[PDB]
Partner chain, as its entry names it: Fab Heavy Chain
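Next up: a single chain in structure tokens, the form deposited without the partner chain.
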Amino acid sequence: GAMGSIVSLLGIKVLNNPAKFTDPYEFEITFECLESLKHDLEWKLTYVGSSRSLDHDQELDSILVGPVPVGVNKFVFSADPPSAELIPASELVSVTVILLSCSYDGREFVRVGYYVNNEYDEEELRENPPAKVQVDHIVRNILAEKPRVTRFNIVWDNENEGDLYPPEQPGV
């Protein structure tokens, strides 16, 4: 029973709201397994500074599921929060984007983006930013009102292995 995509993401439940930036990222995954996966599903969270990732995109945590049976699969996914040392006080007080991405045998078919409002809940700090980032007073509010879902067409089960690894190019 291969109904196109064997795994489709029904959505994600942003449990953490309101949260802090240095507060653990907790997303609950809900997806429908059409046929029991012969391979494993890898779910991960990436933190993205706005778009091009001014903080250098960072995989906070990655989980692997199996054996994954038919039906809806649902579990809470917890990712360790990013350190503000990567994003200076004036740099993490911005809206950023979280990417939840699932890879099946190396092929990523689902990457979901969520925008996060990061600000100082204290007006005095919001208006006048301190030298040292006090992330414990920085509020992370995920705009779960707008899920950005991107689907990549991959080949499930009946795929012949050839180019499953991204061409490593000499960056910098």
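Numbering follows the first chain given and starts at 1.
The form deposited with the partner chain bound exists for this protein as well; it is not shown, and the discussion that follows is about that form.
- Put simply, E145 is close to the partner chain in the deposited complex: some heavy atom of it is within 4.5 Å.
- In the deposited complex, no heavy atom of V133 sits within 4.5 Å of the partner chain.
- Although the partner is absent here, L99 sits close enough that one of its heavy atoms falls within 4.5 Å of the partner chain in the deposited complex.
- By the criterion of a heavy atom within 4.5 Å, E32 is counted among the residues contacting the partner chain in the deposited complex.
- Taking the partner chain as positioned in the deposited complex, the residues of 11-40 that bring a heavy atom within 4.5 Å of it are, in sequence order, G11, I12, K13, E32.
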